[PDB]
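Undergrad:
Residue numbers (the deposited numbering): 0 to 65.
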């Protein structure tokens, strides 16, 4: 409970480097990448377009390991 995840603040297109305006922190369920990791995610890539409001899960980010 009460753990925050990275949520897509805009549609994040494929093969596009993640920027800070693309990511917000929100308490959603299920839990995705912890909000704490929003600096680590900067400049990484998604392997599929993420719609607005989707929680970013580990598998969506190319090269992500926690």
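We treat Cβ as the ideally placed atom computed from N, Cα and C, and that holds for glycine.
Going by CA-CA distance only, name the one from 54, 59, 65 and 58 that's closest to residue 24.
TA: Closest option to residue 24, Cα to Cα, is 54.
Undergrad: With C-beta atoms as the reference, is residue 11 less than 7 Å away from residue 45?
TA: Contact: yes.
Undergrad: Provide the residue span of the beta strand (DSSP E) that contains residue 16, from first to last.
TA: No beta strand (DSSP E) holds residue 16; DSSP gives it neither H nor E.
Undergrad: Assuming residue 43 contacts residue 26 under a Cβ cut-off of 8 Å, what Cβ separation, rounded to an integer in Å, is found between them?
TA: Actually they do not touch by this definition, with Cβ atoms about 22 Å apart.
Undergrad: Identify which residue in 47, 64 and 1 has its Cα closest to the Cα of residue 7.
TA: Ranking the options by Cα distance to residue 7, first place goes to 47.
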